[PDB]
Amino acid sequence: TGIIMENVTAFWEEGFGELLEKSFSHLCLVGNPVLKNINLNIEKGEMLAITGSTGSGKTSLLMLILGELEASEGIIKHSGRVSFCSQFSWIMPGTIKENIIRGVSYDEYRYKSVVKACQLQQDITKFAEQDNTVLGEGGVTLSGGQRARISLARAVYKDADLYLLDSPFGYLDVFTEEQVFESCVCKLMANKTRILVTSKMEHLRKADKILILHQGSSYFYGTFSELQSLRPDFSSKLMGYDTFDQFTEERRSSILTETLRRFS
Ligand SMILES: Nc1ncnc2c1ncn2[C@@H]1O[C@H](COP(=O)(O)OP(=O)(O)OP(=O)(O)O)[C@@H](O)[C@H]1O
Ligand SMILES: [Cl-]
Ligand SMILES: [Cl-]
Ligand SMILES: [Mg+2]
């Protein structure tokens, strides 16, 4: 189904700061909002790209949809099974395959296609036991991207109506990340309602709707075209760099943040 948030606002409630960690008790006392006057309308099959200054409420907006945070004000509609893929890539003890199809019914196909799209083929081929290689909790010897991709694969493979993808593209193997973005998010999932948190411009360009957060507020919402005209200062500064999307995730974020401060 689609997802809608009409003038939503949420506040810090004890525990949510404890949940996220997977001073808070001051924010809770003061009663400051984590998100404020959040507005969005996504149609089934559309892909929403979320971005913004670091620590602006992106991961939180997600927890909201997940129902781990409630909307003190405003309406929030969406339905069906939702699949979440956190910034923290978690690996459970078992095989690469086991990690991906765990708790869900198997489908030779569906599986092969996800594994392919997520670019896991280039990985499991380096292993003597392919996707049958046994991992130890946390997949410690694996690389950041390898875990991220395995983590994504697991999320994508699940059958759901809404897919919440929190910053999966933030590692050094940037080229692979670009391939994954296309074949998985843009192609393979093209007809699935999906929200993607990111710091890569290209992801905005190719999104149906954009959403830029900053200091818990909505700095912008709307298509990419609307973005260029209604936020010329921002859009100009960001399209300035030739190869921004290949800057470290840290560098990308530090710019978005600084830029967002200048044109608040
Ligand atoms: N109203 C507020 N007053 C003071 N600090 C806040 C407020 N709202 C958020 N913050 C700070 O900014 C953070 C934003 O939370 P959240 O992680 O949901 O946003 P985010 O953009 O996903 O952050 P990150 O991108 O680093 O994961 C809060 O955890 C807290 O550190
Ligand atoms: Cl390692
Ligand atoms: Cl690692
Ligand atoms: Mg986050």
# chains A, B, ... in the order shown; residues from 1 in each chain; ligands from 1
call {"tool": "residues_around", "arguments": {"residues": "residue 153 of chain A", "least_positions_apart": "6", "cutoff": "8 Å", "atoms": "only C-alpha atoms", "output": "PyMOL selection string"}}
result
chain A and resi 100+114-115+118
call {"tool": "residues_around", "arguments": {"residues": "residue 79 of chain A", "least_positions_apart": "3", "cutoff": "9 Å", "atoms": "only C-alpha atoms", "output": "ChimeraX atom specification"}}
result
/A:1-3,82,161-162
call {"tool": "residues_near_ligand", "arguments": {"ligand": "ligand 4", "cutoff": "7 Å", "atoms": "only C-alpha atoms and all ligand atoms", "output": "ChimeraX atom specification"}}
result
/A:55,58-59,87,166-167
call {"tool": "residues_near_ligand", "arguments": {"ligand": "ligand 2", "cutoff": "12 Å", "atoms": "only C-alpha atoms and all ligand atoms", "output": "PyMOL selection string"}}
result
chain A and resi 136+138-147
call {"tool": "write_last_selection", "arguments": {"atoms": "C-alpha atoms", "output": "PDB file, in the first residue's frame"}}
result
ATOM      1  CA  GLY A 136      29.702 -16.153  13.238  1.00  0.00           C
ATOM      2  CA  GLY A 138      28.255 -10.085  13.738  1.00  0.00           C
ATOM      3  CA  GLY A 139      30.019 -11.427  10.660  1.00  0.00           C
ATOM      4  CA  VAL A 140      33.177  -9.904  12.083  1.00  0.00           C
ATOM      5  CA  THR A 141      35.658 -10.992   9.381  1.00  0.00           C
ATOM      6  CA  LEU A 142      33.358  -9.679   6.613  1.00  0.00           C
ATOM      7  CA  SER A 143      33.691  -6.107   5.307  1.00  0.00           C
ATOM      8  CA  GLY A 144      31.245  -3.334   6.135  1.00  0.00           C
ATOM      9  CA  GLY A 145      29.628  -3.464   2.709  1.00  0.00           C
ATOM     10  CA  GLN A 146      29.465  -7.254   2.710  1.00  0.00           C
ATOM     11  CA  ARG A 147      27.409  -7.148   5.909  1.00  0.00           C
TER      12      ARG A 147
END
call {"tool": "closest_residue", "arguments": {"among": "A:27, A:40, A:212, A:148", "to": "ligand 3", "atoms": "only C-alpha atoms and all ligand atoms"}}
result
A:148
call {"tool": "closest_residue", "arguments": {"among": "A:76, A:152, A:180, A:8", "to": "residue 165 of chain A", "atoms": "only C-alpha atoms"}}
result
A:152
call {"tool": "residues_near_ligand", "arguments": {"ligand": "ligand 1", "cutoff": "9 Å", "atoms": "only C-alpha atoms and all ligand atoms", "output": "PyMOL selection string"}}
result
chain A and resi 11-12+17+20-21+23-24+26-27+30-36+51-63+87+166-167+197-198+213-216+253
call {"tool": "write_last_selection", "arguments": {"atoms": "C-alpha atoms", "output": "JSON list (two decimals), in the first residue's frame"}}
result
[["chain", "number", "residue", "atom", "x", "y", "z"],
["A", 11, "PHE", "CA", 8.02, 13.79, 21.23],
["A", 12, "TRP", "CA", 10.84, 12.12, 23.13],
["A", 17, "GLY", "CA", 16.41, 6.96, 23.34],
["A", 20, "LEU", "CA", 17.72, 4.08, 19.28],
["A", 21, "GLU", "CA", 21.00, 3.10, 20.90],
["A", 23, "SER", "CA", 21.46, 13.20, 27.23],
["A", 24, "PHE", "CA", 18.12, 11.55, 26.41],
["A", 26, "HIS", "CA", 16.87, 15.58, 29.50],
["A", 27, "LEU", "CA", 15.16, 15.88, 26.15],
["A", 30, "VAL", "CA", 12.01, 19.37, 28.51],
["A", 31, "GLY", "CA", 9.41, 17.90, 26.14],
["A", 32, "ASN", "CA", 11.26, 18.80, 22.93],
["A", 33, "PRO", "CA", 9.90, 17.18, 19.74],
["A", 34, "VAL", "CA", 12.08, 14.71, 17.84],
["A", 35, "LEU", "CA", 10.22, 15.40, 14.59],
["A", 36, "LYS", "CA", 7.88, 18.32, 13.96],
["A", 51, "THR", "CA", 18.32, 12.90, 3.66],
["A", 52, "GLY", "CA", 19.51, 15.81, 5.76],
["A", 53, "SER", "CA", 21.96, 17.19, 8.28],
["A", 54, "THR", "CA", 23.45, 14.45, 10.45],
["A", 55, "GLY", "CA", 21.28, 13.77, 13.51],
["A", 56, "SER", "CA", 18.20, 15.40, 12.00],
["A", 57, "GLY", "CA", 15.59, 12.74, 12.74],
["A", 58, "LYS", "CA", 15.91, 10.44, 9.70],
["A", 59, "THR", "CA", 16.27, 7.11, 11.55],
["A", 60, "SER", "CA", 13.53, 8.37, 13.91],
["A", 61, "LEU", "CA", 10.98, 9.11, 11.20],
["A", 62, "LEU", "CA", 11.48, 5.43, 10.39],
["A", 63, "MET", "CA", 10.89, 4.28, 13.97],
["A", 87, "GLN", "CA", 21.93, 1.35, 9.77],
["A", 166, "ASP", "CA", 18.12, 3.09, 6.59],
["A", 167, "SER", "CA", 21.42, 4.27, 5.09],
["A", 197, "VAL", "CA", 17.62, 7.21, 3.87],
["A", 198, "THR", "CA", 20.73, 8.42, 2.03],
["A", 213, "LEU", "CA", 15.25, 16.85, 7.47],
["A", 214, "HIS", "CA", 17.18, 19.35, 9.62],
["A", 215, "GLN", "CA", 17.01, 20.02, 13.33],
["A", 216, "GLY", "CA", 13.97, 17.73, 13.61],
["A", 253, "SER", "CA", 27.04, 14.18, 5.62]]
call {"tool": "closest_atom_pairs", "arguments": {"of": "segment 1-68 of chain A", "to": "segment 204-207 of chain A", "cutoff": "7 Å", "atoms": "only C-alpha atoms", "output": "CSV"}}
result
residue,atom,partner,partner_atom,distance
A:47,CA,A:207,CA,5.6
A:48,CA,A:207,CA,6.0
A:49,CA,A:204,CA,5.8
call {"tool": "write_last_selection", "arguments": {"atoms": "N, CA, C and O atoms", "output": "CSV table (one decimal), in the first residue's frame"}}
result
chain,number,residue,atom,x,y,z
A,47,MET,N,9.1,5.5,-4.5
A,47,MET,CA,10.3,5.4,-3.7
A,47,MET,C,10.6,6.8,-3.1
A,47,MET,O,10.8,7.8,-3.8
A,48,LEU,N,10.6,6.9,-1.8
A,48,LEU,CA,10.9,8.2,-1.1
A,48,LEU,C,12.3,8.2,-0.6
A,48,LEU,O,12.8,7.2,0.0
A,49,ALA,N,13.0,9.3,-1.0
A,49,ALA,CA,14.4,9.4,-0.5
A,49,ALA,C,14.5,10.4,0.6
A,49,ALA,O,14.2,11.6,0.5
call {"tool": "select_by_dssp", "arguments": {"residues": "segment 43-138 of chain A", "states": "alpha helix (DSSP H)", "output": "PyMOL selection string"}}
result
chain A and resi 58-65+96-101+108-117+121-124
call {"tool": "closest_residue", "arguments": {"among": "A:45, A:91, A:252, A:84", "to": "ligand 3", "atoms": "only C-alpha atoms and all ligand atoms"}}
result
A:91
call {"tool": "atom_distance", "arguments": {"atom1": "atom CA of residue 256 of chain A", "atom2": "atom CA of residue 224 of chain A"}}
result
15.7 Å
call {"tool": "closest_residue", "arguments": {"among": "A:112, A:149, A:251, A:126", "to": "ligand 3", "atoms": "only C-alpha atoms and all ligand atoms"}}
result
A:149
call {"tool": "closest_residue", "arguments": {"among": "A:201, A:172, A:71, A:104", "to": "ligand 3", "atoms": "only C-alpha atoms and all ligand atoms"}}
result
A:172
call {"tool": "atom_distance", "arguments": {"atom1": "atom CA of residue 39 of chain A", "atom2": "atom CA of residue 189 of chain A"}}
result
23.9 Å
call {"tool": "atom_distance", "arguments": {"atom1": "atom CA of residue 191 of chain A", "atom2": "atom CA of residue 220 of chain A"}}
result
24.6 Å
call {"tool": "closest_residue", "arguments": {"among": "A:89, A:235, A:130, A:125", "to": "ligand 3", "atoms": "only C-alpha atoms and all ligand atoms"}}
result
A:89
call {"tool": "select_by_dssp", "arguments": {"residues": "segment 43-216 of chain A", "states": "strand (DSSP E or B)", "output": "PyMOL selection string"}}
result
chain A and resi 47-52+73-78+82-85+94-95+134-135+162-166+193-197+209-214
call {"tool": "residues_around", "arguments": {"residues": "residue 187 of chain A", "least_positions_apart": "5", "cutoff": "9 Å", "atoms": "only C-alpha atoms", "output": "ChimeraX atom specification"}}
result
/A:117,181-182
call {"tool": "decode", "arguments": {"residues": "segment 4-47 of chain A", "atoms": "N, CA and C atoms", "output": "mmCIF file, in the first residue's frame"}}
result
data_model
loop_
_atom_site.group_PDB
_atom_site.id
_atom_site.type_symbol
_atom_site.label_atom_id
_atom_site.label_comp_id
_atom_site.auth_asym_id
_atom_site.auth_seq_id
_atom_site.Cartn_x
_atom_site.Cartn_y
_atom_site.Cartn_z
ATOM 1 N N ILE A 4 1.112 7.685 4.140
ATOM 2 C CA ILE A 4 0.809 9.097 4.308
ATOM 3 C C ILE A 4 1.004 9.609 5.731
ATOM 4 N N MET A 5 1.588 10.796 5.820
ATOM 5 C CA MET A 5 1.813 11.449 7.095
ATOM 6 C C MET A 5 1.335 12.882 6.944
ATOM 7 N N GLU A 6 0.180 13.166 7.539
ATOM 8 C CA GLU A 6 -0.399 14.498 7.494
ATOM 9 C C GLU A 6 -0.078 15.199 8.797
ATOM 10 N N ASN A 7 0.709 16.259 8.675
ATOM 11 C CA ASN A 7 1.148 17.072 9.799
ATOM 12 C C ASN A 7 1.403 16.277 11.072
ATOM 13 N N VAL A 8 2.400 15.403 10.997
ATOM 14 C CA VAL A 8 2.775 14.563 12.117
ATOM 15 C C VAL A 8 3.851 15.211 12.978
ATOM 16 N N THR A 9 3.807 14.906 14.269
ATOM 17 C CA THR A 9 4.766 15.415 15.231
ATOM 18 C C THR A 9 4.870 14.401 16.348
ATOM 19 N N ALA A 10 6.081 14.175 16.832
ATOM 20 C CA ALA A 10 6.291 13.219 17.902
ATOM 21 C C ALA A 10 7.244 13.815 18.917
ATOM 22 N N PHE A 11 7.173 13.310 20.145
ATOM 23 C CA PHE A 11 8.017 13.794 21.229
ATOM 24 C C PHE A 11 8.863 12.683 21.820
ATOM 25 N N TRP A 12 9.941 13.073 22.493
ATOM 26 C CA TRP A 12 10.839 12.118 23.129
ATOM 27 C C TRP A 12 10.149 11.479 24.327
ATOM 28 N N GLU A 13 10.003 10.161 24.307
ATOM 29 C CA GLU A 13 9.381 9.445 25.419
ATOM 30 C C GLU A 13 10.432 8.496 25.975
ATOM 31 N N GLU A 14 10.532 8.394 27.301
ATOM 32 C CA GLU A 14 11.527 7.518 27.920
ATOM 33 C C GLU A 14 11.552 6.161 27.211
ATOM 34 N N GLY A 15 12.755 5.660 26.939
ATOM 35 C CA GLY A 15 12.887 4.379 26.266
ATOM 36 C C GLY A 15 13.280 4.485 24.803
ATOM 37 N N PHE A 16 12.634 5.391 24.074
ATOM 38 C CA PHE A 16 12.924 5.603 22.656
ATOM 39 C C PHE A 16 14.400 5.960 22.441
ATOM 40 N N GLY A 17 15.008 6.598 23.437
ATOM 41 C CA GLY A 17 16.410 6.960 23.336
ATOM 42 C C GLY A 17 17.246 5.738 23.656
ATOM 43 N N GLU A 18 16.639 4.810 24.395
ATOM 44 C CA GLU A 18 17.284 3.557 24.789
ATOM 45 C C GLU A 18 17.189 2.585 23.613
ATOM 46 N N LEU A 19 16.072 2.675 22.894
ATOM 47 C CA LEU A 19 15.818 1.850 21.721
ATOM 48 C C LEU A 19 16.809 2.260 20.636
ATOM 49 N N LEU A 20 16.824 3.550 20.305
ATOM 50 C CA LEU A 20 17.721 4.078 19.284
ATOM 51 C C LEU A 20 19.167 3.624 19.449
ATOM 52 N N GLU A 21 19.624 3.507 20.688
ATOM 53 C CA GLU A 21 21.001 3.098 20.902
ATOM 54 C C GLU A 21 21.245 1.633 20.584
ATOM 55 N N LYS A 22 20.614 1.201 19.488
ATOM 56 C CA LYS A 22 20.681 -0.148 18.922
ATOM 57 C C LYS A 22 20.448 -0.006 17.420
ATOM 58 N N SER A 23 22.176 13.944 26.157
ATOM 59 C CA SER A 23 21.462 13.198 27.234
ATOM 60 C C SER A 23 19.988 13.069 26.871
ATOM 61 N N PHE A 24 19.511 11.829 26.774
ATOM 62 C CA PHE A 24 18.120 11.546 26.414
ATOM 63 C C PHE A 24 17.101 11.904 27.488
ATOM 64 N N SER A 25 17.371 11.515 28.734
ATOM 65 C CA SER A 25 16.450 11.791 29.836
ATOM 66 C C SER A 25 16.274 13.283 30.132
ATOM 67 N N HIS A 26 16.958 14.125 29.356
ATOM 68 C CA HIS A 26 16.866 15.578 29.500
ATOM 69 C C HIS A 26 15.903 16.104 28.460
ATOM 70 N N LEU A 27 16.019 15.540 27.266
ATOM 71 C CA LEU A 27 15.159 15.880 26.145
ATOM 72 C C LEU A 27 13.738 15.472 26.510
ATOM 73 N N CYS A 28 13.633 14.347 27.210
ATOM 74 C CA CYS A 28 12.348 13.818 27.650
ATOM 75 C C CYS A 28 11.674 14.738 28.662
ATOM 76 N N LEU A 29 12.454 15.262 29.605
ATOM 77 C CA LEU A 29 11.912 16.173 30.607
ATOM 78 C C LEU A 29 11.426 17.462 29.937
ATOM 79 N N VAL A 30 12.326 18.122 29.208
ATOM 80 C CA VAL A 30 12.014 19.370 28.507
ATOM 81 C C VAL A 30 10.777 19.278 27.596
ATOM 82 N N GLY A 31 10.552 18.100 27.012
ATOM 83 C CA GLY A 31 9.407 17.901 26.137
ATOM 84 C C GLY A 31 9.641 18.313 24.694
ATOM 85 N N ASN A 32 10.907 18.415 24.296
ATOM 86 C CA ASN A 32 11.255 18.804 22.934
ATOM 87 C C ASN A 32 10.822 17.728 21.946
ATOM 88 N N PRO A 33 10.344 18.138 20.762
ATOM 89 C CA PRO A 33 9.903 17.185 19.739
ATOM 90 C C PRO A 33 11.100 16.577 19.007
ATOM 91 N N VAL A 34 10.981 15.330 18.572
ATOM 92 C CA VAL A 34 12.078 14.711 17.843
ATOM 93 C C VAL A 34 11.884 15.046 16.359
ATOM 94 N N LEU A 35 10.623 15.069 15.951
ATOM 95 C CA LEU A 35 10.222 15.402 14.593
ATOM 96 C C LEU A 35 9.086 16.398 14.780
ATOM 97 N N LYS A 36 8.900 17.296 13.820
ATOM 98 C CA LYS A 36 7.875 18.321 13.961
ATOM 99 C C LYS A 36 7.242 18.755 12.633
ATOM 100 N N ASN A 37 5.917 18.694 12.570
ATOM 101 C CA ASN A 37 5.184 19.086 11.368
ATOM 102 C C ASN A 37 5.759 18.371 10.154
ATOM 103 N N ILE A 38 5.757 17.042 10.222
ATOM 104 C CA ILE A 38 6.266 16.200 9.149
ATOM 105 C C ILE A 38 5.127 15.878 8.187
ATOM 106 N N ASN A 39 5.330 16.165 6.906
ATOM 107 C CA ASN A 39 4.291 15.920 5.915
ATOM 108 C C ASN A 39 4.764 15.190 4.676
ATOM 109 N N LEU A 40 4.106 14.078 4.364
ATOM 110 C CA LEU A 40 4.466 13.304 3.185
ATOM 111 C C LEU A 40 3.346 12.409 2.671
ATOM 112 N N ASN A 41 3.329 12.224 1.356
ATOM 113 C CA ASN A 41 2.337 11.382 0.703
ATOM 114 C C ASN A 41 3.003 10.518 -0.375
ATOM 115 N N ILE A 42 3.126 9.230 -0.077
ATOM 116 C CA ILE A 42 3.749 8.302 -1.000
ATOM 117 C C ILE A 42 2.746 7.273 -1.513
ATOM 118 N N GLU A 43 2.663 7.178 -2.837
ATOM 119 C CA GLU A 43 1.751 6.249 -3.502
ATOM 120 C C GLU A 43 2.382 4.877 -3.670
ATOM 121 N N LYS A 44 1.587 3.823 -3.482
ATOM 122 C CA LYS A 44 2.089 2.455 -3.619
ATOM 123 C C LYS A 44 3.034 2.399 -4.820
ATOM 124 N N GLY A 45 4.217 1.818 -4.628
ATOM 125 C CA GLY A 45 5.181 1.696 -5.716
ATOM 126 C C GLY A 45 6.159 2.846 -5.856
ATOM 127 N N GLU A 46 5.921 3.921 -5.111
ATOM 128 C CA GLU A 46 6.802 5.077 -5.160
ATOM 129 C C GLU A 46 7.971 4.852 -4.206
ATOM 130 N N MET A 47 9.081 5.529 -4.489
ATOM 131 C CA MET A 47 10.292 5.438 -3.680
ATOM 132 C C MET A 47 10.607 6.824 -3.108
#
